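One chain comes next, on its own, written out as C-alpha cells in the form deposited without the named molecule.
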C-alpha cells in the first residue's frame, strides 16, 4: 500500500531553484546532512537524562558514511531521535514555508546557496548531487516508514518491511552520472576535515 502526496507550492519552488541555478560549490550538501544528524542525536540524549528507558532501542550514539560504486549510492546513517509518520508528511520536521520565504529574499539581496542552513531547510541541498532521495526512519512512538522523491512536484510514503533499524534516520542518495567524485575515499575525507571538525559524535567512513 503506497500513498502519493503533492508538495506545497512554495516547497516545489525551492526544489526547482536548487536543481536549475548555476552554482559550482556543490560539496556543502554533506555538511548540511551531518548537521541534521548531530541535532537529532542531541534530542534523544536530552530525553535520556530524566528517563533511561528511552535508550532501550539502542545505547550507541553515532554517524556512519557508506559509499557503494556498484549501486551508485552514498548513504548517511544516524542513531538519533527519528521521525513519526506525521513528521515525514509535514516537510521532514521543518518550518519549510516560512524558511523558503526568508531564503529567497536573502538571495535577491546578495546571499548565496551555501547559506541554506541558516534558514532551516538544509535537507533539500541533497538535490544538488542526487536524481532521487530515499529516507528510512524509526521513532520510539511509531512504526518504521520509507519516504521517496525524484522532485517533479510529488513524494510517496509506505510502511517499510525491510531490515529493522532500532531507532534513527537513514538518507540514501541516488547520485547523478556526473557526480561520482563523492564515492571516492580521498574526496569524502577532505570534505569531513574541512567542514565537520567540531561535531561531538564519532563519524566512521566505511571501506569497499
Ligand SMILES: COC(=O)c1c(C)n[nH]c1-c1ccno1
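Residue numbers count along the first chain shown, from 1. Residues that one form lacks are left out of the comparison. Here the rigid core means the biggest group of C-alpha atoms that line up within 1.5 Å when the two forms are laid on top of each other.
*Asks:* On average, which has the higher Cα B-factor in the deposited entry, 150-158 or 47-55?
*Replies:* Looking at the record's C-alpha B-factors, the answer is 47-55.
*Asks:* Per the PDB record, is the mean Cα temperature factor higher over 103-111 or over 131-139?
*Replies:* Looking at the record's C-alpha B-factors, the answer is 103-111.
*Asks:* Between 27, 39, 163, 32, let me know which has the highest C-alpha B-factor in the entry?
*Replies:* In this record, 163 carries the highest C-alpha B-factor of the candidates.
*Asks:* Report the third (lowest, middle or highest) to which the CA temperature factor of residue 70 belongs, ranking only the modelled residues of the same chain.
*Replies:* For residue 70, whose C-alpha B-factor we compare with every modelled residue in the chain, the answer is the highest third.
*Asks:* Classify residue 144 as lowest, middle or highest third according to the C-alpha B-factor given in the PDB entry, relative to its own chain.
*Replies:* Residue 144: CA B-factor falls in the middle third of its chain.
*Asks:* Could you say whether, by C-alpha temperature factor, residue 19 belongs to the lowest, middle or highest third of its chain?
*Replies:* It falls in the top third of the chain.
Only in words, not in the display: the form deposited with the named molecule bound, which the text now covers.
*Asks:* Superimposing the C-alphas around the site, does the named molecule, as posed in the deposited bound form, end up open here or blocked, where blocked is 3 or more of its atoms within 2.4 Å of backbone or C-beta atoms?
*Replies:* The pocket is blocked.
*Asks:* With the partner left out here, check for me: in the deposited bound form, does some heavy atom of residue 129 sit within 4.5 Å of the named molecule?
*Replies:* Close contact is absent here: in the deposited bound form, residue 129 is far from the named molecule, nothing within 4.5 Å, heavy atoms only.
*Asks:* Taking heavy atoms only, is residue 147 within 4.5 angstroms of the named molecule in the deposited bound form?
*Replies:* Yes, residue 147 is a contact residue.
*Asks:* Could you run down 181-203 and flag each residue that has a heavy atom within 4.5 Å of the named molecule in the deposited bound form?
*Replies:* Residues within 4.5 Å: none in this stretch.
*Asks:* Which listed residue, 73, 125, 91, 84, is the one whose CA shifts 2 angstroms or more between the shown form and the other one with the rigid core aligned?
*Replies:* After core superposition, the single residue displaced by 2 Å or more is 91.
*Asks:* Are residue 133 and residue 91 closer or farther apart at their Cα atoms in the deposited bound form than shown, with the shift being 3 Å or more?
*Replies:* Result: farther.
*Asks:* Do the C-alpha atoms of residue 93 and residue 153 sit closer or farther apart in the deposited bound form than they do here, given a shift of 3 Å or more?
*Replies:* Note: Cα gap between residue 93 and residue 153 shrinks in the deposited bound form.
*Asks:* Residues present in both forms, rigid core superposed: which consecutive runs of three or more show CA displacements of 2 Å or more between the shown form and the other one?
*Replies:* Moving region between the shown form and the other one: 90-94, nothing else.
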